[PDB]
Amino acid sequence: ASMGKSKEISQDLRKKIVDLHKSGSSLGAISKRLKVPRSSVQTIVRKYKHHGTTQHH
């Protein structure tokens, strides 16, 4: 095999922001600590809503 370990986007943040959106009352909590910008939350909601319908894996 070969080597090469790198990352691109925080997978945790991506799952977390989505999961917390389903919680609702805990959204202000993560937005308090990490204060996610509008552009970031607006872009991830598109992906979530998109993957909501036939989530390819």
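Residue numbering for the sequence shown follows the deposited numbering, starting at 1 and increasing by one per position. Beta carbons: idealized from backbone N, C-alpha and C, even for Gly.
DSSP, read as helix, strand or coil, puts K7 in coil. Taking 4 residues as the shortest admissible run, the segment 7-50 contains the following complete alpha helix (DSSP H) segments, listed from N- to C-terminal end: 11-23 and 27-33.
Within 10 angstroms of the beta-carbon of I17 lie 16 or more other beta-carbons, which makes it buried. Taking C-alpha positions only, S40 is separated from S2 by approximately 34 Å.
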